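Chemist: One file is attached below, data39.cif, containing mmCIF, C-alpha atoms and all ligand atoms; chains and numbers go by the auth columns.
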```
data_run
loop_
_atom_site.group_PDB
_atom_site.id
_atom_site.type_symbol
_atom_site.label_atom_id
_atom_site.label_comp_id
_atom_site.label_asym_id
_atom_site.label_seq_id
_atom_site.Cartn_x
_atom_site.Cartn_y
_atom_site.Cartn_z
_atom_site.B_iso_or_equiv
_atom_site.auth_seq_id
_atom_site.auth_asym_id
ATOM 1 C CA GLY A 1 0.000 0.000 0.000 0.00 1 A
ATOM 2 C CA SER A 2 2.391 2.655 1.206 0.00 2 A
ATOM 3 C CA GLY A 3 5.421 0.797 2.531 0.00 3 A
ATOM 4 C CA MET A 4 8.936 1.793 1.684 0.00 4 A
ATOM 5 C CA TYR A 5 9.416 -1.178 -0.665 0.00 5 A
ATOM 6 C CA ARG A 6 6.407 -0.434 -2.897 0.00 6 A
ATOM 7 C CA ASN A 7 7.190 3.313 -2.841 0.00 7 A
ATOM 8 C CA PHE A 8 11.006 3.361 -2.902 0.00 8 A
ATOM 9 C CA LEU A 9 13.138 0.234 -2.489 0.00 9 A
ATOM 10 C CA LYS A 10 11.677 -1.835 -5.339 0.00 10 A
ATOM 11 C CA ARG A 11 12.341 0.950 -7.851 0.00 11 A
ATOM 12 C CA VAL A 12 15.881 1.462 -6.535 0.00 12 A
ATOM 13 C CA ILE A 13 16.590 -2.261 -6.877 0.00 13 A
ATOM 14 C CA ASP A 14 15.139 -2.147 -10.397 0.00 14 A
ATOM 15 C CA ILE A 15 17.424 0.758 -11.322 0.00 15 A
ATOM 16 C CA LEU A 16 20.556 -0.826 -9.850 0.00 16 A
ATOM 17 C CA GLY A 17 19.744 -4.201 -11.394 0.00 17 A
ATOM 18 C CA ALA A 18 18.887 -2.937 -14.872 0.00 18 A
ATOM 19 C CA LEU A 19 22.007 -0.759 -14.942 0.00 19 A
ATOM 20 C CA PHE A 20 24.171 -3.687 -13.823 0.00 20 A
ATOM 21 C CA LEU A 21 22.750 -6.213 -16.294 0.00 21 A
ATOM 22 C CA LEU A 22 22.975 -3.657 -19.106 0.00 22 A
ATOM 23 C CA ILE A 23 26.697 -3.277 -18.406 0.00 23 A
ATOM 24 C CA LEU A 24 27.043 -7.022 -17.806 0.00 24 A
ATOM 25 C CA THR A 25 25.487 -7.882 -21.185 0.00 25 A
ATOM 26 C CA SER A 26 26.759 -4.804 -23.051 0.00 26 A
ATOM 27 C CA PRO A 27 29.165 -6.773 -25.324 0.00 27 A
ATOM 28 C CA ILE A 28 26.319 -9.103 -26.299 0.00 28 A
ATOM 29 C CA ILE A 29 24.026 -6.092 -26.810 0.00 29 A
ATOM 30 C CA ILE A 30 26.539 -4.376 -29.093 0.00 30 A
ATOM 31 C CA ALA A 31 27.368 -7.601 -30.948 0.00 31 A
ATOM 32 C CA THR A 32 23.694 -8.436 -31.519 0.00 32 A
ATOM 33 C CA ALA A 33 23.017 -4.877 -32.687 0.00 33 A
ATOM 34 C CA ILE A 34 25.979 -5.028 -35.078 0.00 34 A
ATOM 35 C CA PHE A 35 24.875 -8.296 -36.697 0.00 35 A
ATOM 36 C CA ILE A 36 21.253 -7.169 -37.038 0.00 36 A
ATOM 37 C CA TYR A 37 22.477 -3.919 -38.600 0.00 37 A
ATOM 38 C CA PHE A 38 24.465 -5.694 -41.330 0.00 38 A
ATOM 39 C CA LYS A 39 22.447 -8.900 -41.832 0.00 39 A
ATOM 40 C CA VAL A 40 18.821 -8.156 -40.846 0.00 40 A
ATOM 41 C CA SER A 41 17.941 -4.443 -40.841 0.00 41 A
ATOM 42 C CA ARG A 42 19.674 -1.099 -40.337 0.00 42 A
ATOM 43 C CA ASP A 43 16.870 -0.172 -37.919 0.00 43 A
ATOM 44 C CA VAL A 44 18.192 -2.333 -35.097 0.00 44 A
ATOM 45 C CA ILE A 45 15.507 -1.580 -32.477 0.00 45 A
ATOM 46 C CA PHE A 46 11.734 -1.674 -32.854 0.00 46 A
ATOM 47 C CA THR A 47 9.233 -0.795 -30.140 0.00 47 A
ATOM 48 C CA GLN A 48 6.112 -2.656 -28.998 0.00 48 A
ATOM 49 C CA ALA A 49 3.310 -0.459 -27.671 0.00 49 A
ATOM 50 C CA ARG A 50 2.065 -2.077 -24.456 0.00 50 A
ATOM 51 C CA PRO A 51 0.050 -0.831 -21.467 0.00 51 A
ATOM 52 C CA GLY A 52 2.079 -0.441 -18.299 0.00 52 A
ATOM 53 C CA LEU A 53 1.641 1.053 -14.838 0.00 53 A
ATOM 54 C CA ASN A 54 -1.844 2.561 -14.471 0.00 54 A
ATOM 55 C CA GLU A 55 -2.497 1.235 -18.009 0.00 55 A
ATOM 56 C CA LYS A 56 -0.156 3.901 -19.414 0.00 56 A
ATOM 57 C CA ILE A 57 1.156 2.918 -22.846 0.00 57 A
ATOM 58 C CA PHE A 58 4.926 2.544 -23.208 0.00 58 A
ATOM 59 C CA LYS A 59 7.307 1.415 -25.953 0.00 59 A
ATOM 60 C CA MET A 60 8.725 -2.032 -25.137 0.00 60 A
ATOM 61 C CA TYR A 61 12.065 -2.254 -26.929 0.00 61 A
ATOM 62 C CA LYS A 62 13.171 -5.362 -28.812 0.00 62 A
ATOM 63 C CA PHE A 63 15.792 -6.288 -31.385 0.00 63 A
ATOM 64 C CA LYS A 64 14.519 -6.792 -34.921 0.00 64 A
ATOM 65 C CA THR A 65 14.908 -10.392 -36.076 0.00 65 A
ATOM 66 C CA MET A 66 12.933 -10.384 -39.354 0.00 66 A
ATOM 67 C CA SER A 67 13.574 -8.498 -42.581 0.00 67 A
ATOM 68 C CA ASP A 68 11.360 -6.055 -44.489 0.00 68 A
ATOM 69 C CA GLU A 69 11.235 -7.900 -47.843 0.00 69 A
ATOM 70 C CA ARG A 70 7.753 -7.721 -49.472 0.00 70 A
ATOM 71 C CA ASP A 71 6.249 -9.024 -52.755 0.00 71 A
ATOM 72 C CA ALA A 72 5.960 -6.422 -55.498 0.00 72 A
ATOM 73 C CA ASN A 73 2.237 -7.144 -54.923 0.00 73 A
ATOM 74 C CA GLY A 74 2.938 -5.064 -51.796 0.00 74 A
ATOM 75 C CA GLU A 75 2.438 -7.770 -49.179 0.00 75 A
ATOM 76 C CA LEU A 76 5.355 -8.736 -46.956 0.00 76 A
ATOM 77 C CA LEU A 77 7.060 -12.044 -47.690 0.00 77 A
ATOM 78 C CA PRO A 78 6.058 -14.732 -45.155 0.00 78 A
ATOM 79 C CA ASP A 79 8.035 -15.393 -41.986 0.00 79 A
ATOM 80 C CA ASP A 80 9.437 -18.531 -43.644 0.00 80 A
ATOM 81 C CA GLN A 81 12.285 -16.694 -45.397 0.00 81 A
ATOM 82 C CA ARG A 82 12.060 -13.330 -43.597 0.00 82 A
ATOM 83 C CA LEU A 83 13.599 -14.961 -40.497 0.00 83 A
ATOM 84 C CA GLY A 84 17.255 -15.730 -41.136 0.00 84 A
ATOM 85 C CA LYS A 85 19.049 -18.641 -39.534 0.00 85 A
ATOM 86 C CA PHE A 86 20.775 -16.388 -37.003 0.00 86 A
ATOM 87 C CA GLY A 87 17.414 -14.712 -36.415 0.00 87 A
ATOM 88 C CA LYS A 88 16.226 -17.941 -34.818 0.00 88 A
ATOM 89 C CA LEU A 89 19.431 -18.200 -32.783 0.00 89 A
ATOM 90 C CA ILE A 90 18.874 -14.688 -31.410 0.00 90 A
ATOM 91 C CA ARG A 91 15.265 -15.589 -30.610 0.00 91 A
ATOM 92 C CA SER A 92 16.053 -19.001 -29.107 0.00 92 A
ATOM 93 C CA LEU A 93 18.537 -17.387 -26.700 0.00 93 A
ATOM 94 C CA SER A 94 16.158 -14.453 -25.996 0.00 94 A
ATOM 95 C CA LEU A 95 18.952 -12.051 -26.973 0.00 95 A
ATOM 96 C CA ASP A 96 16.415 -9.783 -28.687 0.00 96 A
ATOM 97 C CA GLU A 97 14.744 -9.371 -25.268 0.00 97 A
ATOM 98 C CA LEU A 98 17.831 -7.709 -23.762 0.00 98 A
ATOM 99 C CA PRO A 99 16.650 -4.144 -24.630 0.00 99 A
ATOM 100 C CA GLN A 100 13.801 -4.730 -22.155 0.00 100 A
ATOM 101 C CA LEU A 101 16.446 -4.147 -19.477 0.00 101 A
ATOM 102 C CA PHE A 102 16.359 -0.507 -20.586 0.00 102 A
ATOM 103 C CA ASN A 103 12.578 -0.402 -20.139 0.00 103 A
ATOM 104 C CA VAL A 104 13.234 -1.514 -16.558 0.00 104 A
ATOM 105 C CA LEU A 105 15.821 1.253 -16.177 0.00 105 A
ATOM 106 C CA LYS A 106 13.331 3.772 -17.610 0.00 106 A
ATOM 107 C CA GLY A 107 10.677 2.892 -15.038 0.00 107 A
ATOM 108 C CA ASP A 108 8.443 1.524 -17.802 0.00 108 A
ATOM 109 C CA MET A 109 8.921 -1.986 -16.396 0.00 109 A
ATOM 110 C CA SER A 110 10.076 -3.712 -13.223 0.00 110 A
ATOM 111 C CA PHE A 111 12.137 -6.852 -12.780 0.00 111 A
ATOM 112 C CA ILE A 112 9.096 -8.520 -11.170 0.00 112 A
ATOM 113 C CA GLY A 113 5.494 -7.895 -12.177 0.00 113 A
ATOM 114 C CA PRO A 114 2.684 -8.956 -14.507 0.00 114 A
ATOM 115 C CA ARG A 115 3.622 -9.642 -18.114 0.00 115 A
ATOM 116 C CA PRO A 116 3.031 -6.646 -20.431 0.00 116 A
ATOM 117 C CA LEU A 117 0.152 -7.831 -22.607 0.00 117 A
ATOM 118 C CA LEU A 118 -1.459 -6.523 -25.784 0.00 118 A
ATOM 119 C CA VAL A 119 -3.281 -3.196 -25.754 0.00 119 A
ATOM 120 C CA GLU A 120 -6.370 -4.949 -27.157 0.00 120 A
ATOM 121 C CA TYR A 121 -6.876 -6.706 -23.802 0.00 121 A
ATOM 122 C CA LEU A 122 -7.757 -3.416 -22.067 0.00 122 A
ATOM 123 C CA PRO A 123 -11.528 -3.552 -22.817 0.00 123 A
ATOM 124 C CA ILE A 124 -11.641 -7.302 -22.115 0.00 124 A
ATOM 125 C CA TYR A 125 -10.367 -7.108 -18.520 0.00 125 A
ATOM 126 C CA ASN A 126 -13.031 -7.195 -15.833 0.00 126 A
ATOM 127 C CA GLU A 127 -12.949 -4.769 -12.914 0.00 127 A
ATOM 128 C CA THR A 128 -11.093 -7.401 -10.871 0.00 128 A
ATOM 129 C CA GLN A 129 -8.478 -8.147 -13.543 0.00 129 A
ATOM 130 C CA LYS A 130 -7.805 -4.453 -14.227 0.00 130 A
ATOM 131 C CA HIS A 131 -5.843 -4.244 -10.956 0.00 131 A
ATOM 132 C CA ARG A 132 -3.052 -6.176 -12.708 0.00 132 A
ATOM 133 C CA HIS A 133 -1.847 -2.768 -13.953 0.00 133 A
ATOM 134 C CA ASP A 134 -1.681 -1.248 -10.453 0.00 134 A
ATOM 135 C CA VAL A 135 2.054 -2.097 -10.581 0.00 135 A
ATOM 136 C CA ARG A 136 4.774 -1.933 -13.212 0.00 136 A
ATOM 137 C CA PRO A 137 4.917 -4.819 -15.711 0.00 137 A
ATOM 138 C CA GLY A 138 7.767 -7.250 -15.259 0.00 138 A
ATOM 139 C CA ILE A 139 10.225 -9.367 -17.184 0.00 139 A
ATOM 140 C CA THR A 140 9.133 -12.142 -14.803 0.00 140 A
ATOM 141 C CA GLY A 141 6.395 -12.315 -12.199 0.00 141 A
ATOM 142 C CA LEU A 142 4.077 -14.386 -10.053 0.00 142 A
ATOM 143 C CA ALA A 143 1.984 -15.707 -12.946 0.00 143 A
ATOM 144 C CA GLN A 144 5.085 -16.333 -15.073 0.00 144 A
ATOM 145 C CA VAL A 145 6.599 -18.840 -12.630 0.00 145 A
ATOM 146 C CA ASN A 146 3.172 -20.476 -12.149 0.00 146 A
ATOM 147 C CA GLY A 147 2.891 -21.565 -15.775 0.00 147 A
ATOM 148 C CA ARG A 148 2.130 -25.189 -14.873 0.00 148 A
ATOM 149 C CA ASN A 149 -1.234 -24.823 -13.092 0.00 149 A
ATOM 150 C CA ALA A 150 -2.401 -21.721 -15.033 0.00 150 A
ATOM 151 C CA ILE A 151 -3.124 -22.527 -18.673 0.00 151 A
ATOM 152 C CA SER A 152 -6.180 -20.250 -18.782 0.00 152 A
ATOM 153 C CA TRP A 153 -5.816 -16.474 -18.812 0.00 153 A
ATOM 154 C CA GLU A 154 -8.139 -15.939 -15.835 0.00 154 A
ATOM 155 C CA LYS A 155 -5.794 -17.992 -13.645 0.00 155 A
ATOM 156 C CA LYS A 156 -2.774 -15.939 -14.721 0.00 156 A
ATOM 157 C CA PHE A 157 -4.733 -12.765 -13.966 0.00 157 A
ATOM 158 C CA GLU A 158 -5.646 -14.124 -10.524 0.00 158 A
ATOM 159 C CA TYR A 159 -1.910 -14.377 -9.855 0.00 159 A
ATOM 160 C CA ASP A 160 -1.519 -10.855 -11.261 0.00 160 A
ATOM 161 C CA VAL A 161 -4.138 -9.236 -9.010 0.00 161 A
ATOM 162 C CA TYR A 162 -2.824 -11.206 -6.032 0.00 162 A
ATOM 163 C CA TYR A 163 0.687 -9.904 -6.722 0.00 163 A
ATOM 164 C CA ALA A 164 -0.407 -6.271 -7.048 0.00 164 A
ATOM 165 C CA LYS A 165 -2.419 -6.591 -3.831 0.00 165 A
ATOM 166 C CA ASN A 166 0.292 -8.321 -1.764 0.00 166 A
ATOM 167 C CA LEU A 167 3.451 -6.762 -3.235 0.00 167 A
ATOM 168 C CA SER A 168 6.207 -7.190 -0.644 0.00 168 A
ATOM 169 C CA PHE A 169 9.955 -7.730 -0.523 0.00 169 A
ATOM 170 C CA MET A 170 9.433 -11.312 0.659 0.00 170 A
ATOM 171 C CA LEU A 171 7.079 -12.053 -2.240 0.00 171 A
ATOM 172 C CA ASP A 172 9.566 -10.654 -4.766 0.00 172 A
ATOM 173 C CA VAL A 173 12.410 -12.684 -3.235 0.00 173 A
ATOM 174 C CA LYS A 174 10.139 -15.734 -3.364 0.00 174 A
ATOM 175 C CA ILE A 175 9.313 -15.113 -7.036 0.00 175 A
ATOM 176 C CA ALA A 176 13.034 -14.748 -7.762 0.00 176 A
ATOM 177 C CA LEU A 177 13.840 -18.047 -6.035 0.00 177 A
ATOM 178 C CA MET A 178 11.227 -19.907 -8.065 0.00 178 A
ATOM 179 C CA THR A 179 12.482 -18.304 -11.329 0.00 179 A
ATOM 180 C CA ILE A 180 16.015 -19.660 -10.825 0.00 180 A
ATOM 181 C CA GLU A 181 14.460 -23.022 -9.898 0.00 181 A
ATOM 182 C CA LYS A 182 13.261 -22.972 -13.520 0.00 182 A
ATOM 183 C CA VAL A 183 16.816 -24.334 -14.070 0.00 183 A
ATOM 184 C CA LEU A 184 14.896 -27.302 -15.582 0.00 184 A
ATOM 185 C CA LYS A 185 14.883 -25.331 -18.864 0.00 185 A
ATOM 186 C CA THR A 186 -1.865 -19.141 -27.774 0.00 186 A
ATOM 187 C CA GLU A 187 -5.660 -18.561 -27.738 0.00 187 A
ATOM 188 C CA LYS A 188 -5.388 -14.801 -27.004 0.00 188 A
ATOM 189 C CA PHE A 189 -7.613 -13.343 -24.223 0.00 189 A
ATOM 190 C CA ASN A 190 -11.302 -13.603 -25.205 0.00 190 A
ATOM 191 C CA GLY A 191 -12.996 -12.870 -21.865 0.00 191 A
ATOM 192 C CA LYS A 192 -13.675 -16.544 -21.123 0.00 192 A
ATOM 193 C CA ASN A 193 -10.431 -18.349 -22.047 0.00 193 A
HETATM 194 MG MG MG B . 14.036 -14.567 -28.184 0.00 1 B
#
```
Would you mind writing the structure in this file as structure tokens?
Ligand SMILES: [Mg+2]
Modeler:
Amino acid sequence: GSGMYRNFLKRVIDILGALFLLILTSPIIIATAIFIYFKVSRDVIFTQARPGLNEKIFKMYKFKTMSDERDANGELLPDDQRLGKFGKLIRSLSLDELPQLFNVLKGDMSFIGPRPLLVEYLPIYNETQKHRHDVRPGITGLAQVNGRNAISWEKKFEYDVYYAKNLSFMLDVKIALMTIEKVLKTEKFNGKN
């Protein structure tokens, strides 16, 4: 509600962590940007408009992995050829997700929180599920680690509202412990799925 973690510490940890991981992965960030510039597209970064804290829209950064080659007809060539071989390798290693660390540093996102979903889901949320945006979206979160017993979207949102209601340092540490434990490694919200 008004503790010093929800109103101060969590943001400070987000800033220190995003800054550290940006420096820690900076050679990979520069290398990935160089390859994409010469092999994929000279516009290295593209943004994804997503609703964030208080449903405020932000630009979620991501590396481009597909080309802009269309058919003279005007339509873009399918993903079959537009995704180079290295494009898969960048995707499989989630290297294109590294710019999201900057969204965390910007305050657009947190290290822990609900997943930033499509802007089309805003009218579909019910008044209970809309509380999922009472906190910053996260790279990981409570619903993300509970992907085994939550195949439906309403179960993931129940974890989202529960997280925004009970946001504490101990809950974040718990979510972080379960995320490491993931050492072991489609429908689209319709209002009833
Ligand atoms: Mg990826």
Chemist: Ligand MG 1 (chain B): which residues are within 10 Å, counting all atoms listed in the file, as an MDAnalysis selection string?
Modeler: chainID A and resid 62:63 65 87:98
Chemist: If you measure from atom CA of residue 160 of chain A to atom CA of residue 133 of chain A, what distance in Å do you get, rounded to one decimal?
Modeler: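 Rounded to one decimal, the two atoms are 8.5 Å apart.
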Chemist: Care to translate the PyMOL selection byres (((chain A and resi 47-59) around 7) and not hetatm) into actual residues of this file, as a ChimeraX atom specification?
Modeler: /A:45-46,60-62,108,116-119,133-137
Chemist: Any chance you could export the current selection's C-alpha atoms as a compact mmCIF listing (two decimals), in the coordinates of the input?
Modeler:
```txt
# COMPACT_ATOMS: atom_id res chain seq x y z
CA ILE A 45 15.51 -1.58 -32.48
CA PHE A 46 11.73 -1.67 -32.85
CA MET A 60 8.72 -2.03 -25.14
CA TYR A 61 12.06 -2.25 -26.93
CA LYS A 62 13.17 -5.36 -28.81
CA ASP A 108 8.44 1.52 -17.80
CA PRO A 116 3.03 -6.65 -20.43
CA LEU A 117 0.15 -7.83 -22.61
CA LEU A 118 -1.46 -6.52 -25.78
CA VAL A 119 -3.28 -3.20 -25.75
CA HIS A 133 -1.85 -2.77 -13.95
CA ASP A 134 -1.68 -1.25 -10.45
CA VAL A 135 2.05 -2.10 -10.58
CA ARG A 136 4.77 -1.93 -13.21
CA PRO A 137 4.92 -4.82 -15.71
```
Chemist: Restrict the calculation to only C-alpha atoms, then for each residue of segment 119-188 of chain A with any atom at most 12 Å from an atom of segment 5-17 of chain A give the closest atom pair and their distance in Å to one decimal, rows by chain and rising residue number, as JSON lines.
Modeler:
```
{"residue": "A:134", "atom": "CA", "partner": "A:6", "partner_atom": "CA", "distance": 11.1}
{"residue": "A:135", "atom": "CA", "partner": "A:6", "partner_atom": "CA", "distance": 9.0}
{"residue": "A:136", "atom": "CA", "partner": "A:11", "partner_atom": "CA", "distance": 9.7}
{"residue": "A:137", "atom": "CA", "partner": "A:14", "partner_atom": "CA", "distance": 11.8}
{"residue": "A:138", "atom": "CA", "partner": "A:14", "partner_atom": "CA", "distance": 10.2}
{"residue": "A:139", "atom": "CA", "partner": "A:14", "partner_atom": "CA", "distance": 11.1}
{"residue": "A:163", "atom": "CA", "partner": "A:6", "partner_atom": "CA", "distance": 11.7}
{"residue": "A:164", "atom": "CA", "partner": "A:6", "partner_atom": "CA", "distance": 9.9}
{"residue": "A:165", "atom": "CA", "partner": "A:6", "partner_atom": "CA", "distance": 10.8}
{"residue": "A:166", "atom": "CA", "partner": "A:6", "partner_atom": "CA", "distance": 10.0}
{"residue": "A:167", "atom": "CA", "partner": "A:6", "partner_atom": "CA", "distance": 7.0}
{"residue": "A:168", "atom": "CA", "partner": "A:5", "partner_atom": "CA", "distance": 6.8}
{"residue": "A:169", "atom": "CA", "partner": "A:5", "partner_atom": "CA", "distance": 6.6}
{"residue": "A:170", "atom": "CA", "partner": "A:5", "partner_atom": "CA", "distance": 10.2}
{"residue": "A:171", "atom": "CA", "partner": "A:5", "partner_atom": "CA", "distance": 11.2}
{"residue": "A:172", "atom": "CA", "partner": "A:10", "partner_atom": "CA", "distance": 9.1}
{"residue": "A:173", "atom": "CA", "partner": "A:10", "partner_atom": "CA", "distance": 11.1}
```
Chemist: Find the spatial neighbours of residue 38 of chain A, counting only C-alpha atoms, within a cut-off of 12 Å - ignore same-chain residues fewer than 5 positions away - and output them as a PyMOL selection string.
Modeler: chain A and resi 31-33+43-44+64-65+67
Chemist: Taking C-alpha atoms for each residue, export the selection above as a PDB file, in the coordinates of the input.
Modeler:
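Okay, this is what ended up in part_2.pdb:
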```pdb
ATOM      1  CA  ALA A  31      27.368  -7.601 -30.948  1.00  0.00           C
ATOM      2  CA  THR A  32      23.694  -8.436 -31.519  1.00  0.00           C
ATOM      3  CA  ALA A  33      23.017  -4.877 -32.687  1.00  0.00           C
ATOM      4  CA  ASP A  43      16.870  -0.172 -37.919  1.00  0.00           C
ATOM      5  CA  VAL A  44      18.192  -2.333 -35.097  1.00  0.00           C
ATOM      6  CA  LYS A  64      14.519  -6.792 -34.921  1.00  0.00           C
ATOM      7  CA  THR A  65      14.908 -10.392 -36.076  1.00  0.00           C
ATOM      8  CA  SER A  67      13.574  -8.498 -42.581  1.00  0.00           C
TER       9      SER A  67
END
```
Chemist: Around the point (6.8, -15.5, -17.8), in the coordinates given by the file, pick out the residues reaching within 12 Å, counting all atoms listed in the file, and return them as a list in words.
Modeler: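 Protein and nucleic acid residues near the point are residues 111, 112, 113, 114, 115, 116, 117, 137, 138, 139, 140, 141, 142, 143, 144, 145, 146, 147, 148, 150, 156, 159, 160, 175, 176, 178, 179 and 182 of chain A.
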Chemist: Would you output that residue set with C-alpha atoms, as a short mmCIF file (atom, residue, chain, number, x, y, z; two decimals), in the frame of the given file?
Modeler:
```
data_model
loop_
_atom_site.label_atom_id
_atom_site.label_comp_id
_atom_site.auth_asym_id
_atom_site.auth_seq_id
_atom_site.Cartn_x
_atom_site.Cartn_y
_atom_site.Cartn_z
CA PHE A 111 12.14 -6.85 -12.78
CA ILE A 112 9.10 -8.52 -11.17
CA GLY A 113 5.49 -7.90 -12.18
CA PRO A 114 2.68 -8.96 -14.51
CA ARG A 115 3.62 -9.64 -18.11
CA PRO A 116 3.03 -6.65 -20.43
CA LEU A 117 0.15 -7.83 -22.61
CA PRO A 137 4.92 -4.82 -15.71
CA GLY A 138 7.77 -7.25 -15.26
CA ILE A 139 10.22 -9.37 -17.18
CA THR A 140 9.13 -12.14 -14.80
CA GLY A 141 6.40 -12.32 -12.20
CA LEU A 142 4.08 -14.39 -10.05
CA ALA A 143 1.98 -15.71 -12.95
CA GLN A 144 5.08 -16.33 -15.07
CA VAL A 145 6.60 -18.84 -12.63
CA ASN A 146 3.17 -20.48 -12.15
CA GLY A 147 2.89 -21.56 -15.78
CA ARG A 148 2.13 -25.19 -14.87
CA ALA A 150 -2.40 -21.72 -15.03
CA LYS A 156 -2.77 -15.94 -14.72
CA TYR A 159 -1.91 -14.38 -9.86
CA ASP A 160 -1.52 -10.86 -11.26
CA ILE A 175 9.31 -15.11 -7.04
CA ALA A 176 13.03 -14.75 -7.76
CA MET A 178 11.23 -19.91 -8.06
CA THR A 179 12.48 -18.30 -11.33
CA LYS A 182 13.26 -22.97 -13.52
#
```
Chemist: Given the choices A:39, A:106, A:131, A:155, which gets closest to residue 82 of chain A if the distance is worked out from only C-alpha atoms?
Modeler: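 Smallest separation from residue 82 of chain A among the options: A:39.
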Chemist: Using the chain letters and residue numbers of this document, give as a ChimeraX atom specification the residues selected by the PyMOL selection byres (((chain A and resi 121) around 10) and not hetatm).
Modeler: /A:51,117-120,122-125,130,188-191
Chemist: Please indicate the distance in Å from atom CA of residue 101 of chain A to atom CA of residue 20 of chain A, rounded to one decimal place.
Modeler: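 Spanning atom CA of residue 101 of chain A to atom CA of residue 20 of chain A is a straight-line distance of 9.6 Å.
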Chemist: Have a look at A:102, A:86, A:153, A:35 and name the one nearest to residue 18 of chain A; count only C-alpha atoms.
Modeler: A:102
Chemist: Which value, in Å to one decimal, gives the distance between atom CA of residue 105 of chain A and atom CA of residue 19 of chain A?
Modeler: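 According to the coordinates, atom CA of residue 105 of chain A and atom CA of residue 19 of chain A are separated by 6.6 Å.
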Chemist: Going by the chain IDs and residue numbers used in this file, which residues fall under the PyMOL selection byres (((chain A and resi 69) around 12) and not hetatm)? Write them as a list in words.
Modeler: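 Applied to this file, the PyMOL selection byres (((chain A and resi 69) around 12) and not hetatm) selects residues 40, 41, 66, 67, 68, 70, 71, 72, 73, 74, 75, 76, 77, 78, 79, 80, 81, 82, 83 and 84 of chain A.
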Chemist: As AutoDock Vina command-line options, please report the centre and edge lengths, rounded to one decimal in Å, of the axis-aligned box that holds all listed atoms of segment 28-45 of chain A with 4 Å of padding on each of the six sides.
Modeler:
```
--center_x 21.4 --center_y -4.6 --center_z -34.1 --size_x 19.9 --size_y 16.9 --size_z 23.5
```
Chemist: When you count only C-alpha atoms, which of these residues is closest to residue 126 of chain A: A:154, A:99, A:25, A:184?
Modeler: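 Looking at the shortest contact to residue 126 of chain A, the residue is A:154.
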Chemist: Since the input is missing atoms, can you rebuild N, CA and C atoms for segment 85-99 of chain A and write them as an mmCIF file, keeping the file's coordinate frame?
Modeler:
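selection-v6.cif written:
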```
data_model
loop_
_atom_site.group_PDB
_atom_site.id
_atom_site.type_symbol
_atom_site.label_atom_id
_atom_site.label_comp_id
_atom_site.auth_asym_id
_atom_site.auth_seq_id
_atom_site.Cartn_x
_atom_site.Cartn_y
_atom_site.Cartn_z
ATOM 1 N N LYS A 85 18.636 -17.561 -40.423
ATOM 2 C CA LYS A 85 19.049 -18.641 -39.534
ATOM 3 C C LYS A 85 19.532 -18.092 -38.198
ATOM 4 N N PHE A 86 20.349 -17.037 -38.237
ATOM 5 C CA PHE A 86 20.775 -16.388 -37.003
ATOM 6 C C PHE A 86 19.608 -15.716 -36.293
ATOM 7 N N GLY A 87 18.589 -15.292 -37.043
ATOM 8 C CA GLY A 87 17.414 -14.712 -36.415
ATOM 9 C C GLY A 87 16.772 -15.654 -35.419
ATOM 10 N N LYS A 88 16.706 -16.941 -35.764
ATOM 11 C CA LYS A 88 16.226 -17.941 -34.818
ATOM 12 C C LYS A 88 17.158 -18.049 -33.618
ATOM 13 N N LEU A 89 18.469 -18.049 -33.870
ATOM 14 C CA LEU A 89 19.431 -18.200 -32.783
ATOM 15 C C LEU A 89 19.324 -17.049 -31.791
ATOM 16 N N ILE A 90 19.105 -15.830 -32.291
ATOM 17 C CA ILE A 90 18.874 -14.688 -31.410
ATOM 18 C C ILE A 90 17.589 -14.885 -30.618
ATOM 19 N N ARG A 91 16.540 -15.373 -31.284
ATOM 20 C CA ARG A 91 15.265 -15.589 -30.610
ATOM 21 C C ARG A 91 15.355 -16.726 -29.600
ATOM 22 N N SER A 92 15.985 -17.839 -29.988
ATOM 23 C CA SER A 92 16.053 -19.001 -29.107
ATOM 24 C C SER A 92 16.798 -18.686 -27.817
ATOM 25 N N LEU A 93 17.789 -17.802 -27.877
ATOM 26 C CA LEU A 93 18.537 -17.387 -26.700
ATOM 27 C C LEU A 93 17.944 -16.156 -26.028
ATOM 28 N N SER A 94 16.825 -15.639 -26.541
ATOM 29 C CA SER A 94 16.158 -14.453 -25.996
ATOM 30 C C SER A 94 17.081 -13.237 -25.977
ATOM 31 N N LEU A 95 18.053 -13.198 -26.895
ATOM 32 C CA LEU A 95 18.952 -12.051 -26.973
ATOM 33 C C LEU A 95 18.215 -10.792 -27.408
ATOM 34 N N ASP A 96 17.202 -10.933 -28.264
ATOM 35 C CA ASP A 96 16.415 -9.783 -28.687
ATOM 36 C C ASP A 96 15.596 -9.181 -27.553
ATOM 37 N N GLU A 97 15.459 -9.886 -26.429
ATOM 38 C CA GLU A 97 14.744 -9.371 -25.268
ATOM 39 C C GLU A 97 15.624 -8.521 -24.363
ATOM 40 N N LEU A 98 16.933 -8.495 -24.606
ATOM 41 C CA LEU A 98 17.831 -7.709 -23.762
ATOM 42 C C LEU A 98 17.489 -6.225 -23.699
ATOM 43 N N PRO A 99 17.030 -5.561 -24.767
ATOM 44 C CA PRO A 99 16.650 -4.144 -24.630
ATOM 45 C C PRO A 99 15.547 -3.892 -23.614
#
```
